[PDB]
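The file my_file35.cif comes next; it holds mmCIF, C-alpha atoms and all ligand atoms.
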```cif
data_model
loop_
_atom_site.label_atom_id
_atom_site.label_comp_id
_atom_site.auth_asym_id
_atom_site.auth_seq_id
_atom_site.Cartn_x
_atom_site.Cartn_y
_atom_site.Cartn_z
CA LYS A 3 -28.29 -49.80 -20.30
CA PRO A 4 -27.85 -53.42 -19.18
CA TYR A 5 -27.75 -55.58 -22.28
CA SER A 6 -31.00 -57.51 -22.65
CA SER A 7 -29.52 -59.97 -25.17
CA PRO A 8 -26.13 -61.69 -25.38
CA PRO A 9 -23.45 -60.34 -27.73
CA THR A 10 -24.23 -61.40 -31.29
CA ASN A 11 -20.53 -61.77 -32.18
CA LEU A 12 -16.96 -61.20 -31.03
CA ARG A 13 -16.91 -57.53 -32.03
CA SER A 14 -20.06 -56.97 -29.96
CA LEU A 15 -18.49 -58.88 -27.08
CA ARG A 16 -15.34 -56.75 -27.19
CA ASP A 17 -17.42 -53.57 -27.46
CA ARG A 18 -19.41 -54.45 -24.34
CA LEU A 19 -16.23 -55.41 -22.48
CA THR A 20 -14.59 -52.04 -23.18
CA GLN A 21 -17.77 -50.29 -22.00
CA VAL A 22 -17.87 -52.34 -18.80
CA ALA A 23 -14.13 -51.86 -18.23
CA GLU A 24 -14.34 -48.09 -18.66
CA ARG A 25 -17.52 -48.14 -16.56
CA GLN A 26 -15.71 -49.94 -13.72
CA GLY A 27 -12.34 -48.19 -13.95
CA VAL A 28 -10.56 -51.36 -14.99
CA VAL A 29 -8.03 -52.08 -17.72
CA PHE A 30 -9.79 -53.63 -20.71
CA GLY A 31 -7.28 -56.47 -21.08
CA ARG A 32 -7.65 -57.29 -17.39
CA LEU A 33 -11.42 -57.64 -17.73
CA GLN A 34 -10.94 -59.67 -20.91
CA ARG A 35 -8.51 -62.06 -19.20
CA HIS A 36 -10.97 -62.40 -16.31
CA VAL A 37 -13.90 -63.22 -18.61
CA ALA A 38 -11.79 -65.79 -20.47
CA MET A 39 -10.74 -67.40 -17.18
CA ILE A 40 -14.40 -67.52 -16.17
CA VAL A 41 -15.34 -69.27 -19.41
CA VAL A 42 -12.59 -71.83 -18.86
CA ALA A 43 -13.76 -72.20 -15.26
CA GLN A 44 -17.29 -72.94 -16.48
CA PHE A 45 -15.87 -75.69 -18.73
CA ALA A 46 -13.91 -77.09 -15.78
CA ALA A 47 -16.98 -76.95 -13.55
CA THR A 48 -18.79 -79.39 -15.88
CA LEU A 49 -16.18 -82.05 -15.00
CA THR A 50 -17.57 -84.17 -12.18
CA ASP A 51 -17.10 -87.67 -10.85
CA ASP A 52 -20.01 -90.13 -10.86
CA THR A 53 -21.35 -88.61 -7.64
CA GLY A 54 -21.39 -85.12 -9.19
CA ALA A 55 -18.45 -83.73 -7.19
CA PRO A 56 -15.90 -81.51 -8.96
CA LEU A 57 -12.91 -83.08 -10.66
CA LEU A 58 -10.98 -79.79 -10.87
CA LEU A 59 -10.47 -77.12 -8.21
CA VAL A 60 -9.19 -73.64 -9.10
CA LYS A 61 -6.26 -72.18 -7.17
CA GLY A 62 -3.54 -69.55 -7.59
CA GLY A 63 -4.11 -66.06 -8.93
CA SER A 64 -7.44 -66.90 -10.57
CA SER A 65 -8.80 -67.99 -7.19
CA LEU A 66 -7.58 -64.84 -5.47
CA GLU A 67 -9.15 -62.75 -8.23
CA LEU A 68 -12.46 -64.56 -7.71
CA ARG A 69 -12.22 -64.13 -3.93
CA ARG A 70 -11.24 -60.47 -3.88
CA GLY A 71 -12.40 -59.18 -7.25
CA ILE A 72 -10.28 -57.55 -9.90
CA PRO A 73 -9.64 -54.25 -8.04
CA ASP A 74 -8.26 -56.05 -4.98
CA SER A 75 -6.14 -58.84 -6.50
CA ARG A 76 -2.90 -59.09 -8.44
CA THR A 77 -3.02 -59.24 -12.18
CA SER A 78 -2.20 -62.84 -13.04
CA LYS A 79 -2.24 -64.83 -16.26
CA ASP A 80 -2.56 -68.51 -15.27
CA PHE A 81 -5.61 -70.71 -14.79
CA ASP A 82 -4.06 -72.96 -12.13
CA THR A 83 -6.00 -76.02 -10.97
CA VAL A 84 -5.83 -79.22 -8.91
CA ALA A 85 -7.36 -82.43 -10.26
CA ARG A 86 -8.70 -85.59 -8.62
CA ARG A 87 -8.19 -87.58 -11.89
CA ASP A 88 -5.23 -88.25 -14.18
CA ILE A 89 -4.20 -85.50 -16.58
CA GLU A 90 -5.15 -87.70 -19.54
CA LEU A 91 -8.73 -87.85 -18.27
CA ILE A 92 -8.69 -84.15 -17.42
CA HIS A 93 -7.35 -83.02 -20.80
CA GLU A 94 -9.77 -85.23 -22.73
CA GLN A 95 -12.73 -84.16 -20.58
CA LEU A 96 -11.83 -80.48 -20.96
CA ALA A 97 -11.52 -80.83 -24.74
CA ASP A 98 -15.01 -82.34 -24.87
CA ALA A 99 -16.39 -79.57 -22.66
CA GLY A 100 -14.78 -76.94 -24.88
CA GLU A 101 -16.21 -78.48 -28.04
CA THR A 102 -19.72 -78.65 -26.60
CA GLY A 103 -19.19 -75.03 -25.58
CA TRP A 104 -20.87 -72.75 -23.06
CA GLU A 105 -23.04 -69.70 -23.76
CA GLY A 106 -21.47 -69.25 -27.20
CA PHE A 107 -17.87 -69.88 -26.20
CA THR A 108 -15.86 -72.84 -27.41
CA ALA A 109 -12.28 -73.86 -26.79
CA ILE A 110 -9.60 -76.12 -28.21
CA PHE A 111 -6.75 -77.25 -25.99
CA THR A 112 -3.09 -77.74 -26.81
CA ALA A 113 -1.37 -80.93 -25.74
CA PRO A 114 -0.24 -81.35 -22.12
CA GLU A 115 3.45 -81.22 -21.33
CA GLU A 116 5.10 -82.16 -18.04
CA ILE A 117 7.02 -79.57 -16.03
CA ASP A 118 9.93 -79.94 -13.63
CA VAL A 119 8.79 -80.35 -10.02
CA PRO A 120 10.79 -81.92 -7.16
CA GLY A 121 8.14 -82.26 -4.45
CA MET A 122 5.26 -83.66 -6.51
CA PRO A 123 5.47 -87.42 -7.22
CA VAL A 124 3.21 -86.73 -10.21
CA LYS A 125 4.57 -83.89 -12.32
CA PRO A 126 2.18 -80.97 -12.96
CA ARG A 127 0.85 -80.50 -16.49
CA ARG A 128 0.52 -77.34 -18.57
CA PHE A 129 -1.28 -76.52 -21.81
CA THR A 130 -3.35 -73.75 -23.35
CA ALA A 131 -7.00 -73.02 -24.14
CA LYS A 132 -7.74 -71.23 -27.41
CA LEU A 133 -11.11 -69.60 -26.86
CA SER A 134 -13.61 -68.58 -29.51
CA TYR A 135 -16.96 -66.82 -29.28
CA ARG A 136 -19.51 -67.67 -31.98
CA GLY A 137 -16.80 -69.01 -34.26
CA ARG A 138 -14.15 -66.29 -33.93
CA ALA A 139 -10.94 -66.49 -31.90
CA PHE A 140 -11.29 -64.56 -28.66
CA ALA A 141 -8.56 -65.22 -26.11
CA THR A 142 -5.76 -67.53 -25.01
CA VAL A 143 -5.63 -68.97 -21.49
CA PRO A 144 -2.56 -70.72 -20.06
CA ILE A 145 -3.70 -73.67 -17.95
CA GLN A 146 -1.85 -75.64 -15.30
CA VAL A 147 -3.09 -78.84 -13.65
CA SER A 148 -1.44 -80.48 -10.64
CA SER A 149 -2.33 -83.63 -8.77
CA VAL A 150 -3.89 -83.75 -5.34
CA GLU A 151 -1.65 -83.24 -2.32
CA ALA A 152 -2.81 -84.58 1.07
CA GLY A 153 -6.28 -83.15 1.78
CA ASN A 154 -6.20 -80.19 -0.59
CA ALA A 155 -9.06 -81.55 -2.72
CA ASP A 156 -11.10 -82.88 0.22
CA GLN A 157 -13.29 -79.74 0.22
CA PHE A 158 -13.92 -76.68 -1.90
CA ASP A 159 -15.30 -73.17 -1.83
CA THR A 160 -17.67 -72.09 -4.62
CA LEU A 161 -17.07 -68.59 -5.92
CA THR A 162 -18.78 -66.49 -8.54
CA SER A 163 -18.39 -63.43 -10.74
CA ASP A 164 -20.94 -61.22 -12.50
CA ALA A 165 -18.56 -60.10 -15.27
CA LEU A 166 -20.37 -62.14 -17.91
CA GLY A 167 -23.70 -60.92 -16.57
CA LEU A 168 -22.58 -57.33 -17.14
CA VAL A 169 -22.14 -57.99 -20.88
CA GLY A 170 -25.49 -59.75 -21.37
CA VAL A 171 -24.50 -63.37 -20.67
CA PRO A 172 -26.62 -64.20 -17.59
CA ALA A 173 -25.92 -67.91 -16.99
CA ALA A 174 -24.92 -68.43 -13.38
CA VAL A 175 -21.20 -68.65 -12.68
CA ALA A 176 -20.09 -71.02 -9.93
CA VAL A 177 -16.45 -72.05 -9.61
CA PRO A 178 -15.14 -74.71 -7.19
CA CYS A 179 -11.92 -73.51 -5.60
CA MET A 180 -9.27 -74.93 -3.31
CA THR A 181 -9.89 -73.66 0.18
CA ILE A 182 -7.83 -70.94 1.82
CA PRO A 183 -5.93 -73.16 4.32
CA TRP A 184 -4.44 -75.13 1.40
CA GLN A 185 -3.74 -72.04 -0.70
CA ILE A 186 -1.75 -70.68 2.27
CA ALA A 187 0.14 -73.93 2.84
CA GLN A 188 1.19 -74.17 -0.81
CA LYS A 189 2.16 -70.52 -1.21
CA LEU A 190 4.09 -70.57 2.08
CA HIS A 191 5.99 -73.62 0.82
CA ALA A 192 6.72 -72.05 -2.57
CA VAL A 193 7.82 -68.65 -1.27
CA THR A 194 10.22 -70.20 1.24
CA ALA A 195 11.56 -72.94 -1.05
CA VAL A 196 15.25 -73.08 -1.97
CA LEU A 197 15.77 -74.01 -5.63
CA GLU A 198 18.71 -75.67 -7.38
CA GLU A 199 21.26 -72.99 -8.17
CA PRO A 200 20.77 -73.00 -11.94
CA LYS A 201 17.28 -71.85 -10.92
CA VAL A 202 16.44 -69.11 -8.43
CA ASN A 203 13.22 -68.49 -6.49
CA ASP A 204 11.50 -65.41 -7.94
CA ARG A 205 8.18 -65.81 -6.09
CA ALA A 206 8.16 -62.50 -4.23
CA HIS A 207 4.61 -62.06 -5.51
CA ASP A 208 3.54 -64.81 -3.12
CA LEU A 209 4.26 -62.36 -0.27
CA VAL A 210 1.45 -60.17 -1.67
CA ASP A 211 -0.95 -63.09 -2.08
CA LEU A 212 -0.21 -64.38 1.43
CA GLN A 213 -1.12 -61.01 2.95
CA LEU A 214 -4.37 -61.07 0.93
CA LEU A 215 -5.12 -64.62 2.12
CA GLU A 216 -4.44 -63.73 5.77
CA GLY A 217 -6.88 -60.84 5.40
CA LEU A 218 -9.49 -63.23 4.00
CA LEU A 219 -9.23 -65.61 6.97
CA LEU A 220 -10.48 -62.68 9.14
CA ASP A 221 -10.63 -64.04 12.73
CA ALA A 222 -11.03 -67.69 11.65
CA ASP A 223 -9.43 -70.44 13.68
CA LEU A 224 -6.01 -71.13 12.19
CA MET A 225 -6.00 -74.84 13.07
CA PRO A 226 -7.13 -76.05 9.60
CA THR A 227 -4.42 -73.83 8.12
CA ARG A 228 -1.80 -75.22 10.51
CA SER A 229 -2.81 -78.79 9.68
CA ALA A 230 -2.67 -77.99 5.96
CA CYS A 231 0.74 -76.35 6.32
CA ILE A 232 2.07 -79.40 8.20
CA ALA A 233 0.58 -81.80 5.64
CA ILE A 234 2.03 -79.95 2.63
CA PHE A 235 5.50 -79.48 4.15
CA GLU A 236 5.72 -83.11 5.28
CA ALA A 237 4.32 -84.42 2.00
CA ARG A 238 6.85 -82.49 -0.10
CA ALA A 239 9.74 -83.61 2.13
CA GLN A 240 11.96 -80.58 1.55
CA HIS A 241 12.45 -77.72 3.98
CA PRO A 242 10.60 -78.26 7.27
CA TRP A 243 7.68 -76.50 8.84
CA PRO A 244 7.84 -73.77 10.23
CA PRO A 245 9.90 -72.06 7.52
CA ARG A 246 11.90 -68.85 7.54
CA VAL A 247 10.55 -66.14 5.23
CA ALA A 248 13.80 -64.97 3.72
CA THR A 249 14.18 -62.34 1.00
CA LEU A 250 16.53 -62.71 -1.93
CA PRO A 251 18.61 -59.83 -3.30
CA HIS A 252 16.53 -59.42 -6.47
CA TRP A 253 13.16 -59.47 -4.73
CA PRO A 254 12.70 -55.74 -3.91
CA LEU A 255 11.68 -54.81 -7.48
CA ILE A 256 9.74 -58.06 -8.07
CA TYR A 257 7.70 -57.27 -4.97
CA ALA A 258 7.23 -53.70 -6.19
CA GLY A 259 5.91 -55.12 -9.48
CA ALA A 260 3.50 -57.34 -7.55
CA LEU A 261 2.03 -54.30 -5.80
CA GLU A 262 1.03 -52.65 -9.08
CA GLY A 263 -2.60 -51.61 -8.90
CA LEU A 264 -3.00 -52.26 -5.16
CA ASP A 265 -2.13 -48.82 -3.75
CA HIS A 266 -5.58 -48.66 -2.11
CA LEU A 267 -5.02 -51.73 0.07
CA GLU A 268 -3.27 -51.94 3.47
CA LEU A 269 -0.28 -54.00 2.31
CA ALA A 270 3.38 -53.94 3.26
CA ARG A 271 4.98 -51.44 0.90
CA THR A 272 8.47 -52.94 0.92
CA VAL A 273 9.60 -56.54 0.56
CA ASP A 274 11.28 -56.42 3.99
CA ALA A 275 7.99 -55.42 5.62
CA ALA A 276 6.19 -58.04 3.55
CA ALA A 277 8.59 -60.75 4.71
CA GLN A 278 8.09 -59.59 8.31
CA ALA A 279 4.30 -59.72 7.95
CA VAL A 280 4.32 -63.22 6.47
CA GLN A 281 6.75 -64.43 9.14
CA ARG A 282 4.35 -63.19 11.84
CA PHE A 283 1.58 -65.08 10.02
CA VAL A 284 3.72 -68.21 9.99
CA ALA A 285 4.29 -67.92 13.75
CA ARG A 286 0.58 -67.26 14.30
CA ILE A 287 -0.32 -70.36 12.30
CA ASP A 288 2.25 -72.41 14.20
CA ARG A 289 0.79 -71.28 17.55
CA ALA A 290 -2.72 -72.54 16.78
CA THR A 291 -4.02 -75.23 19.13
CA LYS A 292 -7.82 -74.85 19.47
MG MG A 301 -18.13 -59.82 -34.67
MG MG A 302 -11.00 -49.33 -19.45
MG MG A 303 -14.07 -85.61 -7.06
MG MG A 304 -6.58 -64.37 -12.74
MG MG A 305 -6.91 -65.67 -14.88
MG MG A 306 -4.55 -83.62 5.05
MG MG A 307 -28.19 -66.20 -13.21
MG MG A 308 13.95 -68.64 -0.78
MG MG A 309 11.71 -50.79 -4.41
MG MG A 310 2.69 -59.98 -9.69
MG MG A 311 0.56 -50.36 -4.95
MG MG A 312 -0.19 -50.07 3.03
MG MG A 313 8.35 -60.76 11.68
#
```
I'd like the structure from this file rewritten - as structure tokens, please.
Amino acid sequence: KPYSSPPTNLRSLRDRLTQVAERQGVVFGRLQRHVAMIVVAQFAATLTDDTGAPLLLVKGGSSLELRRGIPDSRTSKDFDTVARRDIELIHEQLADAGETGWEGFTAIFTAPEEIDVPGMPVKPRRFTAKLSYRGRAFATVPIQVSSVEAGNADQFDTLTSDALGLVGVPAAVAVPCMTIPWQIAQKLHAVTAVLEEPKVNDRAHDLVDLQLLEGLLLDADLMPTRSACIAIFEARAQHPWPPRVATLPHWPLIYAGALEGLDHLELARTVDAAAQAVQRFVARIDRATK
């Protein structure tokens, strides 16, 4: 019943995925995106400095999915990361890793392009991983890489997933991730940011993720989070800490979209209530002292 040998080919891989997905009550494409992200994460985890410490830390929706599992996280499409080396090093090192492969998977990477960002001195980079399994195209993963901000690569959490185990690929999964205080600081900054009026802030989904991150801090001391929030807001030199969690007129349905699949969790059910919850979190962070 549990596969004793790895999938012999793509078709066998897809067949085992659909079985696992049906078995777990998960959408096939969701499980497939998760497995592909994991494979890319394993490539990224081979990138170390000359002391063996990670060069790339995972963040964003991939991190939340690793922290909470598929049933308890938003569907997201990006593999978002933070690097401690230049993009040119990162892209070249990833391409090598993807050529060497991992457990039958290989990847080729499109070229990095810069993206518009006002608070980062170094512009983020974005490209794509074309994944294959035993020679045959398998999946596409959008990748984003941003440079360090303040202390947000000083430490990392190491998370895992058994999804590849469940389809007969047993090699341990271990993914270095940006820690929760920095995920909170960056999402709080993004969800409260005011953009230039050609552009509009659509990040209502960050209100969902911020509730999930507050839940994951449990009763932790908030002081590291407060320090991280201060550091990110001062570093970006835009709106000041503590921000106001405002809602824009088009956010009600975006927030509703972001709740898809999470009916079983205790989340704010309306964007107003979500803004109120995250504002209370902001105040709670700001109160921290010891
Ligand atoms: Mg096949
Ligand atoms: Mg299914
Ligand atoms: Mg390092
Ligand atoms: Mg994800
Ligand atoms: Mg992903
Ligand atoms: Mg710092
Ligand atoms: Mg193992
Ligand atoms: Mg705003
Ligand atoms: Mg609504
Ligand atoms: Mg969403
Ligand atoms: Mg729901
Ligand atoms: Mg609820
Ligand atoms: Mg409130």
Got a sec: who's within 12 Å of range 15-27 of chain A, counting all atoms listed in the file, leaving out chain neighbours fewer than 5 positions off, as an MDAnalysis selection string?
chainID A and resid 3:5 7:10 32:38 71:73 106:107 134:136 138:141 164:171 263
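Comparing A:95, A:75, A:108, A:82 by their smallest distance to ligand MG 311 (chain A), the closest is A:75 (using all atoms listed in the file).
Considering only C-alpha atoms and all ligand atoms, the residues that reside within 10 Å of ligand MG 303 (chain A) can be listed as residues 49, 50, 51, 52, 53, 54, 55, 56, 57, 58, 59, 85, 86, 87, 155, 156 and 157 of chain A.
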For the selection just defined, write its residues with C-alpha atoms to a file, as an mmCIF file, in the coordinates of the input.
```cif
data_model
loop_
_atom_site.group_PDB
_atom_site.id
_atom_site.type_symbol
_atom_site.label_atom_id
_atom_site.label_comp_id
_atom_site.auth_asym_id
_atom_site.auth_seq_id
_atom_site.Cartn_x
_atom_site.Cartn_y
_atom_site.Cartn_z
ATOM 1 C CA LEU A 49 -16.180 -82.050 -15.000
ATOM 2 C CA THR A 50 -17.570 -84.170 -12.180
ATOM 3 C CA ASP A 51 -17.100 -87.670 -10.850
ATOM 4 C CA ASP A 52 -20.010 -90.130 -10.860
ATOM 5 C CA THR A 53 -21.350 -88.610 -7.640
ATOM 6 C CA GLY A 54 -21.390 -85.120 -9.190
ATOM 7 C CA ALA A 55 -18.450 -83.730 -7.190
ATOM 8 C CA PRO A 56 -15.900 -81.510 -8.960
ATOM 9 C CA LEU A 57 -12.910 -83.080 -10.660
ATOM 10 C CA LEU A 58 -10.980 -79.790 -10.870
ATOM 11 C CA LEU A 59 -10.470 -77.120 -8.210
ATOM 12 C CA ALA A 85 -7.360 -82.430 -10.260
ATOM 13 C CA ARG A 86 -8.700 -85.590 -8.620
ATOM 14 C CA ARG A 87 -8.190 -87.580 -11.890
ATOM 15 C CA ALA A 155 -9.060 -81.550 -2.720
ATOM 16 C CA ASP A 156 -11.100 -82.880 0.220
ATOM 17 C CA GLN A 157 -13.290 -79.740 0.220
#
```
Mind checking which residues fall within 6 Å of residue 257 in chain A, counting all atoms listed in the file, ignoring those fewer than 5 positions away in the same chain, and posting them as a ChimeraX atom specification?
/A:206-207,273
All residues within 7 Å of ligand MG 307 (chain A) are required, counting only C-alpha atoms and all ligand atoms; please report them as a list in words.
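My answer, listing the contacting residues, is residues 172, 173 and 174 of chain A.
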Go through chain A and flag each residue having an atom no more than 9 Å from ligand MG 305 (chain A); for those, report the closest pair of atoms plus their distance in Å to one decimal, using all atoms listed in the file, ordered by chain and rising number, as JSON lines.
```
{"residue": "A:32", "atom": "CA", "partner": "A:MG305", "partner_atom": "MG", "distance": 8.8}
{"residue": "A:35", "atom": "CA", "partner": "A:MG305", "partner_atom": "MG", "distance": 5.9}
{"residue": "A:36", "atom": "CA", "partner": "A:MG305", "partner_atom": "MG", "distance": 5.4}
{"residue": "A:37", "atom": "CA", "partner": "A:MG305", "partner_atom": "MG", "distance": 8.3}
{"residue": "A:38", "atom": "CA", "partner": "A:MG305", "partner_atom": "MG", "distance": 7.4}
{"residue": "A:39", "atom": "CA", "partner": "A:MG305", "partner_atom": "MG", "distance": 4.8}
{"residue": "A:40", "atom": "CA", "partner": "A:MG305", "partner_atom": "MG", "distance": 7.8}
{"residue": "A:62", "atom": "CA", "partner": "A:MG305", "partner_atom": "MG", "distance": 8.9}
{"residue": "A:63", "atom": "CA", "partner": "A:MG305", "partner_atom": "MG", "distance": 6.6}
{"residue": "A:64", "atom": "CA", "partner": "A:MG305", "partner_atom": "MG", "distance": 4.5}
{"residue": "A:65", "atom": "CA", "partner": "A:MG305", "partner_atom": "MG", "distance": 8.3}
{"residue": "A:67", "atom": "CA", "partner": "A:MG305", "partner_atom": "MG", "distance": 7.6}
{"residue": "A:77", "atom": "CA", "partner": "A:MG305", "partner_atom": "MG", "distance": 8.0}
{"residue": "A:78", "atom": "CA", "partner": "A:MG305", "partner_atom": "MG", "distance": 5.8}
{"residue": "A:79", "atom": "CA", "partner": "A:MG305", "partner_atom": "MG", "distance": 4.9}
{"residue": "A:80", "atom": "CA", "partner": "A:MG305", "partner_atom": "MG", "distance": 5.2}
{"residue": "A:81", "atom": "CA", "partner": "A:MG305", "partner_atom": "MG", "distance": 5.2}
{"residue": "A:82", "atom": "CA", "partner": "A:MG305", "partner_atom": "MG", "distance": 8.3}
{"residue": "A:143", "atom": "CA", "partner": "A:MG305", "partner_atom": "MG", "distance": 7.5}
{"residue": "A:144", "atom": "CA", "partner": "A:MG305", "partner_atom": "MG", "distance": 8.4}
```
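You will find CA of residue 259 in chain A at 28.8 Å from CA of residue 178 in chain A.
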State, in Å with one decimal place, the distance from CA of residue 261 in chain A to atom MG of ligand MG 313 (chain A).
19.7 Å
